[PDB]
Amino acid sequence: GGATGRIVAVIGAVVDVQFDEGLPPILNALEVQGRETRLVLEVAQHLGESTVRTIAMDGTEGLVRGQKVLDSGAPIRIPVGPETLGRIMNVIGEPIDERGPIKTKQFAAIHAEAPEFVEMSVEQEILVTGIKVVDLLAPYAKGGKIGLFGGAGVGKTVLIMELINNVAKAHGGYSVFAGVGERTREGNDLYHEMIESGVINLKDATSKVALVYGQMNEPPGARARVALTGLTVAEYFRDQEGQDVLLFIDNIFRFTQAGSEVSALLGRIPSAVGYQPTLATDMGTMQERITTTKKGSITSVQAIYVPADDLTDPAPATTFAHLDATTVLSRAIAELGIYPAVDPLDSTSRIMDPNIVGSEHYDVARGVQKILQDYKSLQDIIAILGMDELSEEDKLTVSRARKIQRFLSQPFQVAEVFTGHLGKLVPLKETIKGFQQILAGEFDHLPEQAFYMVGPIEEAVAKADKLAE
Amino acid sequence: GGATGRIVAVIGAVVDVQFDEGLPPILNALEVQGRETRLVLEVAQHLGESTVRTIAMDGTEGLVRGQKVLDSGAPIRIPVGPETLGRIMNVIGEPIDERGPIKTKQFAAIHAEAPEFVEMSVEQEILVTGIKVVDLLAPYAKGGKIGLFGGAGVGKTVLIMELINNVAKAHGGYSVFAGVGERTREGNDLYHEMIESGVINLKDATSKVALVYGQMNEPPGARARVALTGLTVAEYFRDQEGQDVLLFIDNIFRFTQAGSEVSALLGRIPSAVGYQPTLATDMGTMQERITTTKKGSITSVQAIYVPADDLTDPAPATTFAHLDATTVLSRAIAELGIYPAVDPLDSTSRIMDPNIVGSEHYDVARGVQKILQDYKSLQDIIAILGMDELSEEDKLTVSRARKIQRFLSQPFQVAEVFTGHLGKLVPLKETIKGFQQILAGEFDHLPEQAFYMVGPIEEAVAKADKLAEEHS
Amino acid sequence: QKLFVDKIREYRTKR
Amino acid sequence: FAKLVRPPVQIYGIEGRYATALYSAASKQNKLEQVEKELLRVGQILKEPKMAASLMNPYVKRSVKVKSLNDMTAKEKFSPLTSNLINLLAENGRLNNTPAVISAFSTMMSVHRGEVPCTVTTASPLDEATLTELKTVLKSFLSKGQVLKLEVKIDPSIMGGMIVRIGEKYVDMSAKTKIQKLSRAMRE
Amino acid sequence: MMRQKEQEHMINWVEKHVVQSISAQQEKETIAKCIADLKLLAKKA
Amino acid sequence: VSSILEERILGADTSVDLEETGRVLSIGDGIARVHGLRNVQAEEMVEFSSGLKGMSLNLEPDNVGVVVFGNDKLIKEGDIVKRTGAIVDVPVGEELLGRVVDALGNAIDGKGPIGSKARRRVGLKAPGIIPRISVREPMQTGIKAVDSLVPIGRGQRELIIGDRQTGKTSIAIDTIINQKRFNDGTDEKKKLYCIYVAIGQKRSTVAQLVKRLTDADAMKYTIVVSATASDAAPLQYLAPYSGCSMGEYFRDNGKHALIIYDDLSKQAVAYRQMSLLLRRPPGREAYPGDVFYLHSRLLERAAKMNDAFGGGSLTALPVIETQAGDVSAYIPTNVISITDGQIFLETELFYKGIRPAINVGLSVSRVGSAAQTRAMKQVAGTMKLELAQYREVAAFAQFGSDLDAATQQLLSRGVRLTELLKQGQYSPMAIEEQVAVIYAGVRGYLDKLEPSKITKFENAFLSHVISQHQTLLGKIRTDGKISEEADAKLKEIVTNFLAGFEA
Amino acid sequence: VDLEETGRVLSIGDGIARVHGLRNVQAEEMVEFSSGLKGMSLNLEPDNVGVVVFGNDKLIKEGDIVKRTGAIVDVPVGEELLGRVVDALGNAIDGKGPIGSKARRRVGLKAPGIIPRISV
Ligand SMILES: Nc1ncnc2c1ncn2[C@@H]1O[C@H](COP(=O)(O)OP(=O)(O)O)[C@@H](O)[C@H]1O
Ligand SMILES: Nc1ncnc2c1ncn2[C@@H]1O[C@H](COP(=O)(O)OP(=O)(O)O)[C@@H](O)[C@H]1O
Ligand SMILES: Nc1ncnc2c1ncn2[C@@H]1O[C@H](COP(=O)(O)OP(=O)(O)O)[C@@H](O)[C@H]1O
Ligand SMILES: [Mg+2]
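Residues numbered from 1 in each chain as written, not as in the entry; some residues may be left out. Chains lettered and ligands numbered in written order. Part of a larger assembly, values for the part shown. Heavy atoms only, no water.

Caption draft 1: Highlighting the interface of chain C and chain E. Across the boundary between the two partners, chain C contributes eight residues, which contact 10 residues of chain E. Remark: the boundary between chain C and chain E carries zero salt bridges. Between chain C and chain E we count four residue pairs in polar contact in total. (Contact = heavy atoms within 4.5 Å. Salt bridge = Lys/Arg side-chain N within 4 Å of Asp/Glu carboxyl O. Polar contact = N/O pair within 3.5 Å; in protein donor to acceptor, adjacent residues only side chain to side chain.)

Caption draft 2: Representation of the pattern of salt bridges within the structure. Counted according to the given criterion, the structure contains 66 salt bridges over all chains. Ionic pairing is found between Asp16(B) and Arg53(B), a salt bridge with its closest N-O pair at 3.1 Å. In this pair, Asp16(B) sits in strand β2 (residues 14–18) while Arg53(B) sits in strand β5 (residues 51–56), placing the two residues 37 residues apart along the sequence. Classification of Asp16(B) as buried rests on a relative accessible area of 13%. On the basis of relative accessibility, which here comes to 13%, the residue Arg53(B) falls in the buried class. Of the charged contacts, one joins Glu36(D) and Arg113(D) as a salt bridge, the two residues approaching to 2.8 Å between their closest N and O atoms. (Helix = DSSP H or I, 4+ residues; strand = E, 2+ residues; numbered from the N terminus. Buried < 20%, exposed > 50% of the residue type's maximum accessible area, 1.4 Å probe, protein only.)

Caption draft 3: Local environment of the site of ligand 3. Neighbouring residues of ligand 3: 14 residues in total, closest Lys168(F), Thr169(F), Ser170(F), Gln423(F) and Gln425(F). Proximal residues around ligand 3 fall on chains B and F, making this an inter-chain site. With respect to ligand 3, the backbone of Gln425(F) contributes an N or O atom lying 3.1 Å from a nitrogen atom. Taking 570 Å² as the accessible area of ligand 3 by itself, protein coverage stands at 84%. Elements represented by at least two residues in the shell around ligand 3 include exactly α10 (359–384) of chain B together with α3 (168–178) of chain F. Sorting elements by how many residues they give to the shell around ligand 3 places α3(F) first, with three residues. Considering only residue class, the shell around ligand 3 consists of three nonpolar, eight polar and three charged. (Near = heavy atom within 4 Å. Areas by Shrake-Rupley, 256 points an atom, 1.4 Å probe, with all protein chains shown as cover. Nonpolar A, V, L, I, M, F, W, Y, C, P; charged D, E, K, R; others polar.)

Caption draft 4: Expanded view of helix α6 (residues 233–253) of chain F. Residues and elements named next belong to chain F. Compared with the 30 Å implied by 1.5 Å per residue over 21 residues, the 31 Å span of α6 between its first and last C-alpha is a close match. When the local axis directions of α6 are compared, the greatest deviation, roughly 35°, occurs at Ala239, which is followed within four positions by the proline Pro240. Along α6, 18 of the 21 residues are buried, which leaves the element largely enclosed by surrounding structure. Two residues or fewer past α6, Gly254 is found with a positive phi of approximately 110°. (Expected span 1.5 Å × (residues − 1). Bend = angle between axes of the 7 residues up to and from the residue.)

Caption draft 5: Expanded view of the interface of chain A and chain F. Facing the 63 residues of chain A at the interface are 67 residues of chain F. Counting the surface lost from both chain A and chain F, the interface buries some 5300 Å², and carbon and sulfur atoms represent 51% of this. Among the residues chain A hides against chain F, the three largest losses belong to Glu61(A), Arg65(A) and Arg185(A). Together they make up 16% of the total. There are three salt bridges connecting chain A and chain F. Between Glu392(F) and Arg406(A) there is a salt bridge whose closest N-O contact spans 3.1 Å. Counting across the interface, chain A meets chain F through 23 residue pairs in polar contact. Of all elements in the fold, only β1 (3–11), α3 (184–197), β15 (209–215), α5 (254–266), α8 (332–336), α9 (359–385) and α10 (392–407) of chain A reach the threshold of two or more residues within the side of chain A that touches chain F. It is α3(A) that contributes the most residues to the side of chain A that touches chain F, seven residues altogether. (Buried area = accessible area lost by both parts, 1.4 Å probe.)

The following block contains the structure:
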């Protein structure tokens, strides 16, 4: 099986290897020797005289024309078990936390089919994360593809820190982080914060998050397939562990960037805006592998970059097509000053139905969305003449909607250094009561800054008493 | 000496010449024989065996396949020296004014290397060109590259003729005009203007400006090598004579566009908007040779066409990168009636620095730009609503801004046929004093019609008094 | 040591 | 597919592809020098002006080209390797490329003999004792069991001389490049 | 600048004189040293 | 003369050796298809016989695309190309300080040869998650706006993005000129070795830049690396990797270093020229695929090192221009995506009057208050929140929507802090004067004081505090936090100076 | 017959007739198709000549015999073209009889230099 071949042409990832004795099928792993490290190749197309066109994951500074590769029968196999929890591995399967090897028994192959239609689960139960704008305007699903979009500087990483904290500590099962082209210091702060919070235990096997981290400066074969490594680890924690597992993939747009870079170099015609033609198919495979099945329950929060706040880029549009409950993280509401600058007027939910969550929660959510959507056209009425001629009731609903929009902001516990405020936790019933109490007309007299950075409605009462007297 | 090879493929400039024994290096000048006029080709790429891919500079008509070509073995050696002042030449070195051949002693090659970093002049004396908008907002650098951006019919050529008729009188240094891809009408008018103005002299050896013309009737290989011609003439007059030369190159987008046409024929992959991949470095070498050095001074005013008024086009963008004083001779300010329609916001100069131009000039210039930026925001509000929505502060800013924006305009000497006014040469201190008075707001009673095509501020006071008296 | 000793000799002659 | 028999020098391009196919076939059926001498005879044939004028010209109706080359094969009784080779080159229309595939397969067979294409520039017309001792030390210098095929060229420009390229390895004691190395040394 | 331009004049005259002499120098110890060098690379190869 | 003789005749070995070569096919436009190098390794420095290097990329079975380091006239078809034997490398030392070095190692400034000792491979792999530790030190720039809204960390990358002619290179040189007072001081942790990689600029701009740095006495932190316009496209391509390798040398020795990548879009366009000449398929705006991988390597070569790995930091700040402010173009989206800190200049504030022209809410520093001093953190968070409030209330009340006392308070404090953040060119100030002046602006005492009079307030206030309050500023900068006695003392001094300002 | 002065259309496609041989041709030359049509020989290549036609491609087959004229692209000219509708090549399409042109002006010469010009 271990058939040897010859590197004959080298451009980045895109490396042509000539086999004449044993030809590996597509999506495989070739071990290039001659390097002081190992080099791995993801085999793709076979062009002739048998030629695999592989994508090379480490930097190809120094590959000789005519080198010897070894061929194994692996799509790519990684160490996977309960041993790989407190340890950071990268896409080839190897630890980059400098703690020796990973001593496991069984491995796992990175490439598999999305399971079957008959194994798709059907239950939908609400997940409450403690965030206000999540809990009433786009609630999450235990067993659903949660996605949070945003540009650059809108607050996706601080939001994913708050979800990791506030959910991975409120979880008896396991966790899997996947840093897919995330910058190295933010993942380093993640690893040190995980150690100091205790979800990673460096002394024994009492950890419950498994970290797979491919840096943002790796060749595109190592920056596309590292998301699939996170999928494989979290599938094993869902397939035959028998455990509720959650996977945090930050930031699946490096996946599509990596695919567009190799498709520039592989010899495929550029599609629409400049990405690969196989965008929807490749991301359909790697987003339909990650879903809850009848064997186990897996919930996937995905931090998903959009380029310069352009939601009509085809890769965020197809990513919208794959989710269950998205959350837009705009920038304009942070130019206002609300953090994270969350758009719920562009956010979705499969979970938000009057039988699933309730009628009270649904009606206060649609009331908040109705009064914030009306505030836009009413604000454009304001923008020419001012607050003079609207009406009694029109100025009243403008001030009420502005008060709600200031009440959507919530101090994160992980972001007590950006604003200085300590940060609070808000249950679901308190969010329902607070927004129903602002819509009910109780707080028409308090100023807009009394509701700005608060938790419950009692915190808004206390801040109004502090500002007044 | 030379090597006889064979033309085997012909597209314009791009002529693939077969050499089997004597293939010459890149950037060579090799003449096609059997022709009426000498058909100098320029060797680039050797592509196969034998295959020099030459660019052909003249009439490609009649180039039979398999035609004998004599390789001379040098880059394009042209005449230089003091024997080229008052004498027109084109890119081969040939005199095209029908006075006779060049009687100079030495030849300089068209292709050269830039002056190194080791010896570069870093001093900046202010060039005051008698124009109010220039000397106020983007004053020129005596010894730096100056660029006149703008579209079609925006007044670039008229501004160049003002710059010759104003600055070229001052520099005793030998000037060099290079026309690249412009009207032959303008080169003709410029040649007779240089005769009549005494700047050249057809009966003596004491002329002052050399002329190179590669006008827009020429095939693209020719227009891709005119700036190199006039530039190595002016580079002779810098290095081996030590003079303070002026270099008036109109219109460097024709150089870049001829490069794009040739490269579309050269089989290179098209870059962005439709240009060549070598837009940064071909123009890079050509602009780095246009530099003031320790051995002498170049003050190079160059007009740079923009295609369809796009400043985001790659050739104007890299030319913004390669300059020391830009001037965005816009069109919309000529729709408003101001000539030249120099956008002064997007025009800057490297020399504007309070440790150079003084504190008074800097404060007046930045106040003028502040008032015009506030006027741009307020003209958004005015264009929607109207001027009856502004406060007293906003209306005094709008009124001072329209007064300043009319007072930037002046009549030039060369454009006296279009307007009625004579040529106004405004000194520097009168520009500072006039804009300082209008900015400080001592003229809140004169009409804005009194600042149009004026010059000095006393002419504005006199125009307002004459307007009131003719209404009296 | 063929060429550079001849160059040494010419360094002497220019010296 | 079938196991394509590896040629010693990978000549690339179209003509190298035809030549590697022909080499693998002739090495399966083990008649390599026979196919080489037959391709040399073909390359002698297709330089005749009547045959090459009939072949390079279009509007001689490709079926008639295939018929003419099959009749020329059946007249001079080629082996069943080069018969199907000339028929395949006629069917694909790359009869323009047949002297280049003959050159490429001749190169592959000359490496199959073991020759090394040695290049030497003495930069002066050298004598026979120099050539004898040079071939002696160079035959000792190359490898075991391989035969060299050397060529010499001259030019008065490069002073001194004796550059030797043997099998990509290029030893260079030319006086000009010695002055160039001392030139990079002296400018610093 | 004195030592710089004298250095440039010196180095260019040295190179020109080297071209002038070694362009007209042949006595076959060049070729003898070269075949000795091929012999030395043979012994070490 | 005689020393020149002996160094010429002893330095060159003339040690001839059998060596891999290959003849040259098409030498097109700086690219050369070379036939023969069957043992060349990918991206290797190789050498054309006229004495000029090239870099072997795009290894194909036909031929190797070597792209030349310089002029193209000096190469014919059919000449040899010798393998040097190693990856392209940069000679790095601390004797390379204060000397303009052409992009490989070749110091083209007329001050003798470089006394290098430590050769370094230029395409090295950046450190992983364990050798890095987070930002800790406050990388100060001397700009009030940068150090009070978007502060830099020693350990960090932070863009300077704008449009052309806005003040981005001037911000970079303010950042350079600030750090003189930390070099000539005492702590090694404060000291600065910076590398200014000028990509694709003109030689006279680099010459006047060296003039400004020499006149400001900057030439001991600084290492200027010029790959100008006349240099070849691989010299412009490879120059910021060279500056990164020099910064990595200082970082892995344990000295706090930085690199300013001036005009990083010129590297992007030079690599576009290289790919389109080596016949790679074009992607978007004719830039190829891996431009993000290019800048991603280049910019993730920098973060703070572990305390067991010397403790040296690197601060990458690349300067990037857009065209017509289009942030959505390919290179700005890629280079915003790789970096985290980014300083946005819109230009309408440059013509409106604030200098340096940070137009602001687009600009963000993700490390935030962690990269400030304790005093600036205690003062300037409410300033950022107030500027956010001011911007949004002025944006909807452009016409006078509703003016209570709160809205005129917001516009008053916002306009006054806007004129606080104005600062002249090439005048960086230390952190303690910034804490003093933003204390005088945010903590009252300036809210009703006629916004045209803020600049004379700045000048007379800095003159006052540098006149008889030097030891108190020493207390502020050495104690870290601004103490409560120093707080009430600053209150008293700003009140006394408000009297002397209305005197 | 002769590949020196005549040639055969290899592939007329969208607007280009790639004609084989035609060795005596020169660049930018009016070369006429035996369909009665004209064209101008543009880019010369070592295998073929790219002649762009002066009419529709419908009238031209493959292998239709192409013949050189012997002169660069011209148009008939003179005062005998006054009063008259001509085609772009010079043929009178007004139907009132042929033209009486004697001279023959080349269609692609250069504009005059800056000296034979004088201003308006
Ligand atoms: N709850 C919050 N409170 C204050 N600031 C926040 C909050 N959430 C996000 N931010 C801001 O978001 C920025 C971090 O952005 P980041 O998430 O790293 O970018 P991206 O969204 O592209 O991943 C910081 O400047 C921080 O101030
Ligand atoms: N000072 C001026 N006064 C009046 N008209 C002017 C002035 N400057 C330029 N123009 C107008 O601009 C035109 C000249 O533009 P020009 O520079 O020749 O176009 P191009 O930029 O294509 O060369 C003239 O028609 C003239 O009407
Ligand atoms: N703080 C400042 N005060 C005054 N002028 C400034 C300041 N900062 C920048 N400038 C202006 O910015 C210009 C330089 O811009 P620069 O940084 O060179 O942009 P680019 O590098 O894109 O050309 C100078 O003309 C200078 O007047
Ligand atoms: Mg700059």
